[PDB]
Amino acid sequence: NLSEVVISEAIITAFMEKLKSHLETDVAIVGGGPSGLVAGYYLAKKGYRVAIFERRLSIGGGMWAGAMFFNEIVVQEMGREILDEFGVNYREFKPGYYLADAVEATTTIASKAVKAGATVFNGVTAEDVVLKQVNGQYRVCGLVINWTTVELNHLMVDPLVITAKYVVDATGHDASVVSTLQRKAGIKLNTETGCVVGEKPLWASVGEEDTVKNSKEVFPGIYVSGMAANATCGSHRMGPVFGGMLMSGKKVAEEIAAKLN
Amino acid sequence: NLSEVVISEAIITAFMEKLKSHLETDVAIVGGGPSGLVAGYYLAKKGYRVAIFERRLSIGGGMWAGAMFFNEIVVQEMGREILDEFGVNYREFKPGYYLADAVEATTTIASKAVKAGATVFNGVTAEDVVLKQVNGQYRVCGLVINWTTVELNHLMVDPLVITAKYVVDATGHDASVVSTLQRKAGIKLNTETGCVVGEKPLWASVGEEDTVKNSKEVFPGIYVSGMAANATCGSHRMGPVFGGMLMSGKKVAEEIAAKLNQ
Amino acid sequence: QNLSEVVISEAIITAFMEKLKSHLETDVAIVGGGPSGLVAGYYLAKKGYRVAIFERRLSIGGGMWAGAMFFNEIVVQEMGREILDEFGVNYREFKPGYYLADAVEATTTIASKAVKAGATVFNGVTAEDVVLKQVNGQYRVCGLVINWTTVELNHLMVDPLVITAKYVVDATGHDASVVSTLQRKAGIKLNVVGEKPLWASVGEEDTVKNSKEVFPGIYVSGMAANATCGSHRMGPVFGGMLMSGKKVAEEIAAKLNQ
Amino acid sequence: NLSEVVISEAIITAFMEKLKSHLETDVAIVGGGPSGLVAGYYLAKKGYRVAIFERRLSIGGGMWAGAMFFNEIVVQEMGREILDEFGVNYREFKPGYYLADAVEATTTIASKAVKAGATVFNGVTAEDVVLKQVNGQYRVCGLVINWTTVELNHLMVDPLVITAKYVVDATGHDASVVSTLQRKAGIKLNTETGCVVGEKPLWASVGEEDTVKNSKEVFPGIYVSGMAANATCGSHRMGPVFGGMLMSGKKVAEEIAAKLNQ
Amino acid sequence: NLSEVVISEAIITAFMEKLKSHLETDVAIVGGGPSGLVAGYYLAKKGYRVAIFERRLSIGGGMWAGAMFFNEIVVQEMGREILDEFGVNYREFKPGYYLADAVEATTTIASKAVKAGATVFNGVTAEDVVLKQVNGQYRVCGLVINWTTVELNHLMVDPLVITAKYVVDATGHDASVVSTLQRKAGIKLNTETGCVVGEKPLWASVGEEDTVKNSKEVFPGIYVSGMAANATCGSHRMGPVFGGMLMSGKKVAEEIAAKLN
Amino acid sequence: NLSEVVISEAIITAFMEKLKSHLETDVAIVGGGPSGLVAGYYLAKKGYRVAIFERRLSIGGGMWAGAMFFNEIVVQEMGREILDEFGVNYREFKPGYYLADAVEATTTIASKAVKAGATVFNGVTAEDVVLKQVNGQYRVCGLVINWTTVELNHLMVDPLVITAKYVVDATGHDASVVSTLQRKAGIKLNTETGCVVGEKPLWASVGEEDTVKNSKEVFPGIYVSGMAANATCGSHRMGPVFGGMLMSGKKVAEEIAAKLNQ
Ligand SMILES: C/C(=N\CC(=O)O)C(=O)[C@H](O)COP(=O)(O)OP(=O)(O)OC[C@H]1O[C@@H](n2cnc3c(N)ncnc32)[C@H](O)[C@@H]1O
Ligand SMILES: C/C(=N\CC(=O)O)C(=O)[C@H](O)COP(=O)(O)OP(=O)(O)OC[C@H]1O[C@@H](n2cnc3c(N)ncnc32)[C@H](O)[C@@H]1O
Ligand SMILES: C/C(=N\CC(=O)O)C(=O)[C@H](O)COP(=O)(O)OP(=O)(O)OC[C@H]1O[C@@H](n2cnc3c(N)ncnc32)[C@H](O)[C@@H]1O
Ligand SMILES: C/C(=N\CC(=O)O)C(=O)[C@H](O)COP(=O)(O)OP(=O)(O)OC[C@H]1O[C@@H](n2cnc3c(N)ncnc32)[C@H](O)[C@@H]1O
Ligand SMILES: C/C(=N\CC(=O)O)C(=O)[C@H](O)COP(=O)(O)OP(=O)(O)OC[C@H]1O[C@@H](n2cnc3c(N)ncnc32)[C@H](O)[C@@H]1O
Ligand SMILES: C/C(=N\CC(=O)O)C(=O)[C@H](O)COP(=O)(O)OP(=O)(O)OC[C@H]1O[C@@H](n2cnc3c(N)ncnc32)[C@H](O)[C@@H]1O
Ligand SMILES: [Fe+3]
Ligand SMILES: [Fe+3]
Ligand SMILES: [Fe+3]
Ligand SMILES: [Fe+3]
Ligand SMILES: [Fe+3]
Ligand SMILES: [Fe+3]
């Protein structure tokens, strides 16, 4: 009736066509938090080929838990309009403050992002970042990837190499991909200074306005996004308001779409 | 421009409301894996007040990773119609076998269940049931819940309690809730031995057949579905095919739905 | 200032030694400074018995600090309400029969009166075993085998010291650590079945009924009593925790007047 | 008779209102040791609204254990008068040296501080400050809080934010709050340098001297008390003598109470 | 000059043809210790299709370290003739006692086994064992496999299913595959009793003679081998003499080859 | 039939002999990865007394798992001839690119190196060098070795010492031996900074080119090869292509071989 082997063969064949397929993508996003997912949504909407490389088996990052396990997220008016196209239900709590359910937003955003074409590879840690000289200087043009698993158990397993036109570090507070660039290649970042400055303490107002503005190309071929943008640029954090996180992924997507012409 | 205080007010206030309004529910489901989520969808879609208590911050259980991190999940025709009530796109590989992306399927089923009214509490462990004499019967009457971090770190933190009319143990392989029921209370389960028998080795054809059959009331007030059904009744596991797990959830919600219109 | 480091060290050492040596023989040795153990030690010391409490944590209070799920509130019903009044714990009637208390104020106030009342606390100290001596023709618990908690955690080859008591109180909570041990290592029999799932009404009746001398010389109090007399727990209602501690203290004080 | 869902809802309701009514506070104390509790008592005595955020499930910091598990604390004359304001029994060892039972000192100070209105939240780590440019000046205006377990287990759970007119670092040797303030802001503190200098070795005379003197506003909006003050300003540690910790706490409360009438 | 992607594509394509290939093997050996490797050698020599599933990234099991890190192994006369076809150098220490270098024997055995055709999948834990009814009763006819990694980090990752005509539990002291059969299916083993009896304390003489004799089909479709044979049958261990381990893998191979007709 | 005593005698006696006869060697190689093994082969094949000290019980380094547990290793034409001195079978995938099974290649290279006379000590950490003044020069003169379990468990166990005429740091990415050389002794290495520079991000064409170039003497008496060469000199890593690593080992053995016929 039901062959164990057709099933293994099917799982094996599909994943590995899928991974051969994305050995070249236009945009490789690192981190499947909100900003990573929203960026990959819009880029997959505009038709580009988008891979998302997520350290944990699940996507969603720090949105699942809300604040202190109280799984309600807040967005202001900027980002409320992003809860709209993904279709996230929200009611108004006070003028300019829109509550949503943390689980609903995360799964709906993530479902629409993968349905738009963005491939997800979960369990995969972006380890380092391919940089070569292409007509002139050093340019980031790919990712070094391994199983998260391998990383933390400290196993001598060699990585695989994904190549891309643009990398988005949507990796959260730790900004680990641009940190790793910065540290291993010795370069300078477009941050003034030329380093991962480290995120400043909390101020919701300045914090979110800066997240949108910090979402830029800090080195040729690599964009920060979401909370890595505030870590890289040395701006304030904003607590559990997620409007700036969603907005950031949209900004990095349309801007990368702009250069992709 | 923004009051950090207002964001904090709104989160504390909202979650407080969500928790209070589910201290008494029709159906408390334990575990947001494939089968637990589908049961919550259909139970909500039929208009019942449902809460889901999930140990990890992210729902989806063993289904994120397809098999061996190879992001694909196979279903056969049985769960292939379940994949259409949710809008999970798929292709077939060979006749009768279907492939969906594991992440799309997990998040899509997840989204539509919580949109139907399934209220998800993540980072919450169900650690015991409420066991209480009804008309001359011990009956599972609800759950004893704590934060997962309290169990993990062995912190002396007392749990809270919710009441439900039915509890669904959908905790996977662990069969976690019924296992606790049997040892702390010395009751018997509707199984060959009276106990959680434990799953047998792999046989995909019998395993998927026995999952919908074992998804049943095993003691007054509590169902098992999913891998927990096979683990409780002593049937074969099936491997990375998810048609049983999805069908399991629909079957249990319909049976509990019927029982609720007595 | 003129603070001799030598004098501060000598004081701390001299005082603790003499406190420690003066409780090598106590009337009642209580294991566990959670709610029942502290309340039992208050009521016994207020009656003028030498009570020693042995708490594995550096802090007392056990599981009362967190209320439920870190939500710092204690709910007490009829019985525990009037014990709160014995200790001076403020409260507030949510609905008739239910009284809310600050979980931190209850713990620290109960702890404070218990130790002011004469009950001596030894924190950081794990009761590891009991002393079984034959007395009057039967085996009987006659005190404790104690070590540093930190020797148990890091698995260190360090011997215990021995406390002598007329009665021992296992107020260890869900673990029923002392009677489980006695039972496991002697091949005795008690009156440890393990607790049952939650039924808070039988749970708070069953905690006071079950706080009894389950083997010569050793009472069980509080949650330890329910786990031993395999009954139902109760959740974040603390009334029977407070009442059983007073109950055990009355029983023990009565048997000690003979 | 005993309805567990009435119990559950009273706890969920009181606590989450206790938390909302301290999203706004006059003074947020981080650290429920002897210094942080004493400042909390004297501020609450004077009627100001006070929250104390405590990392462990219990308060008491390092006073529980005396020195080397020997449960005795030594105070001199300056601690001696503070023990009498609390009703802590003591005995005189050699002239000008008083020893109290360390369990009695910790639980009594704690009890009276909380009876006077100091609200305490356990299992809650202050992990960062709110920094706001107030009239052209960067000022500490609150705390970023999370559950302790979330930091231990490295969970991706966002914080809640409270707001305060004054923050007291009373985190003992670690000087946790002012330490993260400096490295993440890059600011400078009222010392010779910035950040925390780190404590010197031991010299009880100078160590106790300097605790009283270093309990200061080291940056607008945040004070340091107790050993965080010695650590921040780089003075000597005193041994297991707690006179300076208690007096440190009382100084910071009277100083902050002054500034709260301006 | 040198494309990062042809390299990833090559590693991806080859492994996954290789794993599609062995979704059916004649014999799936669990454990790449000496007995597992010697069995797969001879079965691959006789032309059968042999997969080896090894929990650790390296093969060799407990042979690498010799005894107490003193990396010299001993074989008696039985097994000396097995050091011959693999070509392991050995000098005679005393009549009937042949020393070999632990690293040399392990790598040479393992190289000749993989060169004979035995495929190795390392990092792969055999988790459970497919049993179905095939004309009559329950028969072991495959393996449930996952990444070792997954197992120990306790990650909810589903396994894959390999199907085979015969399974060899060459898994060492722990006999984990037949233990897992025995415990999950409730069956009885051909051991008298019907359980993993557990290995007896040490006696070199009886221990090694029993290893050869205990290497049998303890349940339809599954063979023990090497040190799992002594664990399953309740016989003595033999210390760091490895002659019986090598002999056992040969016996299980020619006997399984016999039934494969 | 058998004397357990005789087996134990023969193991203790044999290993004792093997250890003693290598307390003084021509070349002590640290690390039995791809590049370390190939260098030991060619150095033995040319008749020099070689010892290899490998931290783990199994040689082979990062090469067992090909890439991401996908058991295949790519080499280009450069290491494609190296694969023939050992008899590692391969196919080509696209022109100039070759695939060998990672397990066959690892064990085959390993077998032939130890058969050529390379004596392998596994479970042994090189933790320091011997540094000793020769004709008016500090020169690496040998190694300080301990059991890996002593380092892992932080046991107070003193090491032993071997002497060699050349030490080859082939410890992969860690560049473990030269890193210790630089910090404990304050020497400089033949590199841009004088220090272990650290590897740069990935560039497979330059990475493999720079590996044979950086496989050189970096301080009197010690070479680097393999990934340690790239890590010490600050070049690009290359990913899962092993032609540099094999060529690296042959180059270093030839250079050390020449230097040894001064
Ligand atoms: C608003 C806020 N903080 C404000 C405040 O604290 O005041 C938050 O914390 C938000 O969650 C931040 O949103 P954002 O999308 O920027 O990040 P996230 O949710 O933390 O997602 C990051 C993702 O990136 C993953 N990740 C990490 N590092 C790697 C790696 N090398 N390779 C692959 N993935 C990696 C990681 O698993 C995670 O899922
Ligand atoms: C097909 C298959 N196996 C076949 C095979 O192996 O051969 C699978 O693994 C499927 O994923 C099984 O799906 P199913 O929905 O039955 O279970 P799951 O995916 O493992 O999810 C169960 C959920 O329950 C959670 N959970 C556990 N215990 C508790 C607890 N006390 N309280 C709250 N939640 C808990 C747990 O985190 C998990 O998320
Ligand atoms: C009502 C309720 N639960 C209902 C429910 O969950 O459904 C509770 O949990 C209450 O907090 C229980 O109150 P109770 O006083 O019975 O127990 P507790 O708070 O856990 O205190 C036990 C004390 O005993 C300590 N302890 C443990 N074992 C030893 C040992 N061998 N030696 C010395 N001390 C030990 C331990 O650290 C602790 O302080
Ligand atoms: C006299 C002496 N030392 C002298 C010497 O060693 O020679 C002492 O140890 C005294 O006990 C010092 O008393 P003091 O009140 O200054 O500090 P403490 O007892 O150590 O308590 C600080 C409290 O602060 C808590 N805490 C820490 N960090 C955080 C954080 N980020 N957030 C929330 N709470 C936190 C922490 O759990 C602790 O309870
Ligand atoms: C002679 C002796 N002892 C005598 C004495 O002590 O007196 C020995 O220890 C010999 O090494 C035994 O040789 P043998 O080939 O029988 O076993 P081994 O060397 O221990 O190899 C077992 C292999 O099996 C592996 N393994 C384990 N369990 C699993 C699993 N579920 N799935 C996949 N692989 C697994 C494991 O990694 C290992 O490599
Ligand atoms: C191609 C590639 N990377 C490219 C990329 O990532 O992009 C690789 O990983 C290759 O495997 C590198 O081969 P190479 O022979 O250079 O190094 P390796 O395989 O990692 O082996 C080094 C050996 O050295 C061992 N070792 C470490 N440190 C010590 C120590 N102090 N003492 C004794 N041995 C030690 C260690 O166990 C290991 O076995
Ligand atoms: Fe590498
Ligand atoms: Fe409890
Ligand atoms: Fe002893
Ligand atoms: Fe955050
Ligand atoms: Fe499963
Ligand atoms: Fe030394």
Side-chain angles (χ1 to χ4, degrees), chain A residues 33-34 61-63 65 67 127-128 130 144 146 156-161 172-174 199 202 207 226-227 230-231 237-242 245, chain D residues 127-128 144 146 156-159, chain E residues 4 7 58, chain F residues 28-39 52-67 73-75 79 102 106 109 121-129 143-146 148 151 168-180 199-204 207-208 211 215 224-231 236-246 248-249:
Chain A
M63 199 153 57
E127 194 203 322
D128 198 347
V130 184
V144 190
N146 216 332
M156 304 178 231
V157 184
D158 270 289
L160 274 190
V161 181
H173 288 254
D174 301 293
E199 78 192 14
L202 193 146
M227 200 46 194
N230 295 284
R237 67 194 292 194
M238 75 290 308
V241 63
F242 297 79
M245 308 292 119
Chain D
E127 79 195 15
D128 209 350
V144 186
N146 213 322
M156 307 178 65
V157 181
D158 275 317
Chain E
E4 290 83 20
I7 286 189
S58 64
Chain F
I29 296 174
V30 190
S35 85
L37 288 170
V38 169
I52 308 180
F53 304 84
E54 178 33 72
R55 179 144 73 63
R56 290 151 166 97
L57 291 182
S58 66
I59 56 163
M63 180 170 164
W64 288 102
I73 55 170
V74 174
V75 294
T106 306
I109 283 162
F121 298 97
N122 47 25
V124 184
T125 295
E127 60 159 312
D128 213 296
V129 297
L143 285 179
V144 187
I145 56 172
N146 218 328
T148 313
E151 315 305 334
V168 177
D169 183 344
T171 59
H173 307 262
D174 292 331
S176 182
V177 195
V178 289
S179 280
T180 310
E199 74 195 48
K200 296 198 190 303
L202 195 140
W203 190 357
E208 290 269 295
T211 303
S215 294
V224 291
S225 66
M227 256 317 304
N230 302 85
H236 298 268
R237 59 188 299 181
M238 69 286 310
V241 53
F242 290 72
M245 310 292 126
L246 308 171
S248 192

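Each chain gets a letter, A, B and so on, in the order the sequences are listed, and its residues count up from 1. Each ligand, and each atom within it, is numbered from 1 in the order the structure gives. Computed from heavy atoms alone, side chains included, the values below leave out hydrogens, waters and symmetry copies.
When all heavy atoms of F:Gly226 and F:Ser215 are compared, the pair lying nearest together is N-OG, 3.9 Å. Taking both residues in full, the closest heavy atoms of D:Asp128 and A:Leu202 are given as OD2-N, 4.4 Å, listed atom of the first, atom of the second, then distance. The nearest pair of heavy atoms linking F:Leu246 to F:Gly79 is CD1-O, 4.2 Å.
Atom OG1 of F:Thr125 and atom CZ of F:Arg56 lie 9.0 Å apart (nearest 0.5 Å). Here the OG1-CG distance, from F:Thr106 to F:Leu37, works out to 8.5 Å after rounding to the nearest 0.5 Å. Remark: F:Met227 CE to F:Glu199 CD distance equals 4.0 Å, nearest 0.5 Å.
Polar contact with ligand 6: absent for F:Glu127 (N/O pair, distance under 3.5 Å). In terms of N/O distances under 3.5 Å, ligand 6 is not approached by F:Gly60. Here's the thing with A:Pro159: none of its N/O atoms is less than 3.5 angstrom from an N/O atom of ligand 6. The shortest N/O to N/O separation between F:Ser35 and ligand 6 falls below 3.5 Å.
Ligand-side atoms of ligand 6 in range of F:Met227: 3 (N), 16 (O), range being under 4.0 angstrom from any heavy atom. Less than 4.0 angstrom separates some heavy atom of F:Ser176 from each of these atoms of ligand 6: 28 (N), 31 (N). If you number the atoms of ligand 6 from 1 as listed, the ones under 4.0 Å from a heavy atom of F:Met238 come out as 4 (C), 7 (O). Within the listing of ligand 6, atoms 33 (C), 34 (N) sit less than 4.0 angstrom from a heavy atom of F:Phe53. Within ligand 6, the atoms closer than 4.0 Å to a non-hydrogen atom of F:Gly226 are 16 (O), numbered from 1 in the order shown. Heavy-atom contacts of F:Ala170 reach the following atoms of ligand 6: 22 (C), 23 (C), 24 (O) (cutoff under 4.0 Å). Less than 4.0 angstrom separates some heavy atom of F:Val124 from each of these atoms of ligand 6: 33 (C).
Counting heavy atoms from C-beta outward, F:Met238 and E:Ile7 have side chains that stay 4.5 Å or more apart. The side-chain heavy atoms of F:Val168 and F:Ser225, taken from C-beta on, include a pair separated by under 4.5 Å. Taking the side chain as every heavy atom from C-beta outward, F:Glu208 and F:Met245 approach each other to under 4.5 Å. The shortest side-chain heavy-atom distance between F:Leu57 and F:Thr148 does not fall under the 4.5 Å cut-off.
Ligand 6 is approached by F:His173 to a heavy-atom distance shorter than 4.0 Å. Ligand 6 is never approached by F:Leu37 to a heavy-atom distance shorter than 4.0 Å.
What sits closest to atom 18 (P) of ligand 6 on the protein, heavy atoms only, is F:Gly62 N, 3.9 Å. Residue, atom and distance of the protein heavy atom nearest to atom 35 (C) of ligand 6 are F:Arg55 CB, 3.6 Å. Residue, atom and distance of the protein heavy atom nearest to atom 17 (O) of ligand 6 are F:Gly172 CA, 3.2 Å. Closest protein heavy atom to atom 12 (C) of ligand 6: F:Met245 SD, 3.7 Å. Counting protein heavy atoms only, atom 8 (C) of ligand 6 is closest to A:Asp158 OD2, 3.3 Å. Among all protein heavy atoms, the one lying closest to atom 25 (C) of ligand 6 is F:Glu54 OE1, 3.4 Å. Of all protein heavy atoms, the one lying nearest to atom 14 (P) of ligand 6 is F:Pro34 CD, 3.9 Å. Looking from atom 1 (C) of ligand 6 to the surrounding protein, the closest heavy atom is F:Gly239 O, 3.5 Å.
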Assess the residue pair F:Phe242 and A:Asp158 against the criterion (side-chain contact (heavy atoms from CB on, under 4.5 Å)); give the C-alpha distance rounded to whole Å, side-chain angles, the decisive distance to 0.1 Å, and a yes or no. CA-CA 11 Å; F:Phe242 290 72; A:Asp158 270 289; 3.4 Å; yes
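Counting heavy atoms only, F:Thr171 comes closest to atom 28 (N) of ligand 6 of the residues F:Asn230, F:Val241, F:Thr171.
A donor-acceptor pair is defined here as one N or O able to donate and one able to accept, closer than 3.5 Å; no such pair exists between the side chain of F:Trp64 and the backbone of A:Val157. Without hydrogens or angle criteria, E:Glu4 side chain to A:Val161 main chain gives no donor-acceptor distance under 3.5 Å.
Note on A:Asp158: its N/O/S atom closest to the Fe ion (ligand 7) is OD1.
Using the six-membered ring where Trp is involved, F:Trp203 and F:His236 have ring planes that are perpendicular, over 60° apart on the 30 and 60° scheme.
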